[PDB]
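Trainee: In the deposited numbering, the protein residues as written are 1 to 44, 51 to 82, 92 to 158.
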Ligand SMILES: Nc1ncnc2c1ncn2[C@@H]1O[C@H](COP(=O)(O)CP(=O)(O)OP(=O)(O)O)[C@@H](O)[C@H]1O
Ligand SMILES: Nc1nc2c(c(=O)[nH]1)N=C(CO)CN2
Ligand SMILES: [Cl-]
Ligand SMILES: [Mg+2]
Ligand SMILES: [Mg+2]
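1. Residue 119 to residue 29, Cα distance in whole Å?
2. Using a Cβ-based criterion (distance less than 7 angstroms to any ligand heavy atom), does residue 123 qualify as near ligand 3?
3. Would residue 65 be called buried (16 or more neighbouring beta carbons within 10 Å of its own) or exposed?
4. Just mark residue 148 as buried or exposed, buried being the case when its beta carbon has 16 or more other beta carbons within 10 Å.
5. DSSP has residue 157 in a bridge; who is on the other side?
6. When a residue counts only if its C-beta is closer than 5 angstroms to some heavy atom of ligand 4, which residues count, in chain order?
7. Going by DSSP, name the residue or residues bridged to residue 142.
8. Keeping to the same chain, check which residues put their C-beta closer than 7 angstroms to that of residue 100; ignore five residues upstream and five downstream.
9. Ends of the alpha helix (DSSP H) at residue 8?
10. Per DSSP, which one or two residues make a beta bridge with residue 76?
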């Protein structure tokens with residue numbers, strides 16, 4: 001299944017933390033990275055934001071366990096690995112809200128996602144390209 005994960009880091013020099021985190025995501029079992037977006041500089051010092059496409063055979067909460075582990079291990092206020100989408104699934108549990116409960120209100124999540132999945136359709140049928148048009152979120156600057 002293709003999971004889309006958002007990465008956020010607000011360290012002054014976040015590149016090594018993000019690269020450590022990306023490598024770790026690629027080491028998750030029954031999973032592999034498909035594509036990584038560019039790194040974007042976004043106002044809060052700045053955040054570095056990126057999106058990752060991860061193919062995985064894991065269950066959603068199993069993926070969550072891994073992302074939470076990486077946050078603690080690669081964490082140093093903190094590093095953030097948010098599950099934006101999991102296939103076309105709707106998840107509403109105590110641990111997991113998928114799609115991410117606010118991503119549609121955040122240019123810093125949608126723009127890096129649009130770079131790597133421009134044709135994305137949300138589970139409720141909304142179109143990523145349309146949200147970006149209607150909300151008129153300024154394109155982000157690259158890190
Ligand atoms: N889609 C999702 N991705 C990651 N964590 C999620 C999630 N949906 C719910 N959570 C829950 O969110 C909890 C708290 O996560 P935090 O990372 O501290 C919130 P945040 O990412 O700082 O703010 P945000 O959710 O407004 O982006 C986790 O313990 C996890 O169970
Ligand atoms: N610019 C920017 N702002 C944020 C971000 C983020 O990734 N980028 N993440 C947040 C909570 O998870 C709160 N605010
Ligand atoms: Cl949705
Ligand atoms: Mg977050
Ligand atoms: Mg989070």
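A virtual CB, placed ideally from N, CA and C, is assigned to each residue, including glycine.
Mentor: Taking the geometry as given:
1. Here residue 119 corresponds to residue number 104 of the chain shown, with the count starting at 1. Here residue 29 corresponds to residue number 29 of the chain shown, with the count starting at 1. So the two alpha carbons sit approximately 29 angstroms from each other.
2. As a working mapping, residue 123 is identified with position 108 in the chain shown. No, since every heavy atom of ligand 3 falls outside the 7 angstroms radius drawn around the Cβ of residue 123.
3. For this step, residue 65 is matched to residue 59 along the chain shown. That one is exposed.
4. If you number the chain shown from 1, residue 148 lands on position 133. Under this definition residue 148 is an exposed residue.
5. Mapped onto the chain shown, residue 157 falls at position 142. DSSP output for residue 157 lists 40 as bridge partner(s).
6. 95 and 97
7. Residue mapping note: residue 142 aligns to position 127 of the chain shown, counting from 1. DSSP output for residue 142 lists 136 as bridge partner(s).
8. Along the chain shown, one-based indexing puts residue 100 at 85. Correct list, in chain order: 3, 4, 113 and 114.
9. For the purposes of this step, residue 8 is identified with residue 8 of the chain shown, where counting begins at 1. Run containing residue 8: none in the alpha helix (DSSP H); it sits in the beta strand (DSSP E), 2 to 9.
10. Locating residue 76 in the chain shown gives position 70, where the first residue counts as 1. According to DSSP, which records beta bridges pairwise, residue 76 is partnered with nothing at all.
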